[PDB]
Structures are given as C-alpha cells and as structure tokens.
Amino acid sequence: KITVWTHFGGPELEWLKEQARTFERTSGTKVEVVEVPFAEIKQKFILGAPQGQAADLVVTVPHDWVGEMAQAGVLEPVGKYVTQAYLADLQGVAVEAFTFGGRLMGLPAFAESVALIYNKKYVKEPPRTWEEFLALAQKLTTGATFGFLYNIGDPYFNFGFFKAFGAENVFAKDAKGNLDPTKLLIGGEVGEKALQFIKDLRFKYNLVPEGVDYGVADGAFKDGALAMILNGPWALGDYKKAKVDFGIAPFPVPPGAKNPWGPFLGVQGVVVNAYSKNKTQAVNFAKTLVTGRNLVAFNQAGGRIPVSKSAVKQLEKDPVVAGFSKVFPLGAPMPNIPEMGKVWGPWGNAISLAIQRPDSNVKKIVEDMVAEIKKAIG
C-alpha cells in the first residue's frame, strides 16, 4: 500500500481516486488518497518525511516549494526513473521549475496562473480596459450580487499588480542569470503603488469588502452571484460541475502601472518521498499520472494546463487551453529557491495590513515587509 497526499477536490480529486483504483488493478498495489489542505502540506511533508510520518507521494506540489523541500532532503530525485523521450516532450519552463541542484526533483504535470474568469451570464465579452472593467464591476455590484471579488489578502493572487507597477519577479537576477535573494523587487516604490491600488480596490472603487478570502469569492462565483473573479484553473473543475459558462481573459492593467498586468506561472508536479518504504511502486504510480492521456483527462475534468508539448497541442482548440495560452506569456514563473518560503508570510502580512484600514502607512508597511524578509533570509 502506498499513500498519496493531495490538495485536490471535486472533479480533480475524482480523477486522482480513479487513477488510484486503476493502479491497484494494473499493479496489485493499494493506493490510499489522503486529502490535506494546500496550505498545510509543505510543513507536514518536510517535518514528517524524515520521521517516517509523510505520504509516499504528493500529487501535486507547486514548484515554488522545490528548493526548500530539496534542502530538507525530503524529495526523491526522479531523473534516473524517466526516459529522454518523456523529458523531451516537457515544456522547458516546467523542467526548470522542478530542477534544483542540477537535478530533476519531481515530475512536472500542469501549468497554471490566475486570470480574469468571467461568468457569461453577467459578462458576454471581456472588458477591454481598466475603465470598462471598473464601470462594469461597480454596475453589477448591488444588494446580493457582486461585480468583482478575489482573495485580496493573498500575495500570490496580487503579484500581477506588483508586476504591473514594476516588479519583474520577486527577486532581481544576478550577475548572469541566477536570482539574488538579497535584492527584492516587490518593495520600495513598486510595493507602495501596488499596495495603494489594492487598498483602492476596497476603499475607493468599493469592489472588495472586508472578509473576502478565497472561499468567499470562489463560493460566490460557483453560486452564480459573481460576475468576475481573479482565480486560476484549479477552480474550473467546480465551475464546470456547477455548469457556469465562463470565459478566461487577462486581468486589466491597474491605473498608474507602467507595465502590463502579468501573473505568476506555477507548475504543479508529482514528488516522491525520499523516505518512502515503497519507492518502486510510488514512482511507477507517479509515472501513470503524467502520461499524455492522463494529463488531458485531468484538464478535461478540471482545467490546469498540461506541461506536455504533445498533450497541449492536442488541446490547442479547447477553450480553457486557448484562454490560458493568451495569459501565460504575460507572466513570470515563481522562483523555486529555498528563500521563496520566507517571502510569502511578510508579503501577505503587508497586504492584509494595507487593506485593514484607509489610514494605513503604505510607505512604512512596505519598509517593514522588506525588513522582515531580509531578517528571515539572512
């Protein structure tokens, strides 16, 4: 028996359960699928793995976790178990996302980003500009209906606004090619302007009130009470299941931003526990999940985009794939370095402080954020 930790729900989870059943018949090895909230998995795995207390595999982890997990020694290197043919068919950025210390540390499976997802019952065609979006979102907001909602306190969801206002990524690239964790790009003027726009989404434009977290916004879109959400393809399974007719579009560039809006690109991949007492079967099962056919099936059940070149071309005309193909080129991959784990907390703390009150000193909040991150890295 091998165990799988997953953050999947809905149709995505049902796919994973089916593949687990199928592997028990084309294997004889029992697969237990264990649900774990996304925000709890990394700590559970890093701390539990070396104690014999973590699952045999995680389907899936985001690539920003790779450096920290690899340094904790908890990831099985997977390059020795895979062919060049398999590797050649993978998109370069997906390979790079799961490469650390010059080694492939998981099997890259799906690509994702946030985007403007609009319910076509309220919005027939995507707003062409910020001003058109703003006017629409305010119009469609009333007593029980919302024009626009999103996980406003979340640093990942807000990165696109940080990019618009001038952050290429989280960290500057140094000397020739490698990120320097000592040089943040999300503080200073960029950070102050991003945080003011995010404040304005509540206190000026009156779009996103107090209390709105992932579940509030996601719940609202599924229910059909919400015109527009900023969310990613992980949410599409439940939107397809609730029969919402959605479109995918880039988010408008915030007013005052010198650069276009562009989100983080995330790669989800399967990782094997370096302390698995059943690596052979764990590895074989992982490999079953990332065949072209299974990657396509997962997209159809939900919506995350295959990192298989082959599988992607196959879905070239799928609406979800075509939609995200116009969004991904605007974005930047998350860093996968260990230090990324230190940034999210103070970054998200800064945003929550900014949006808590109208009178929040954005200048000092950003200064303190930068100070807290420098301290956590050193």
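Residue numbers run from 1 along the displayed sequence.
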| query | finding |
| --- | --- |
| 264-272 versus 206-214 - greater average Cα B-factor per the deposited record | 206-214 |
| Stretch with the higher entry mean CA B-factor, where the candidates are 56-64 and 339-347 | 339-347 |
| Top residue by Cα temperature factor, when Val327, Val36, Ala311, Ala332 are compared in the entry | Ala311 |
| Member of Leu87, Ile198, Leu236, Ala297 with the greatest C-alpha B factor (per the PDB record) | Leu87 |
| Third of the chain, ranked by Cα B-factor, where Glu40 sits | lowest |
| Record-listed C-alpha B factor of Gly232: chain third | lowest |
| Among modelled residues of the same chain, the CA temperature factor third for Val114 | lowest |
| CA B-factor placement of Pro127, once the chain's modelled residues are sorted into thirds | highest |
| Entry-reported Cα temperature factor of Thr288, expressed as the chain third it lands in | middle |
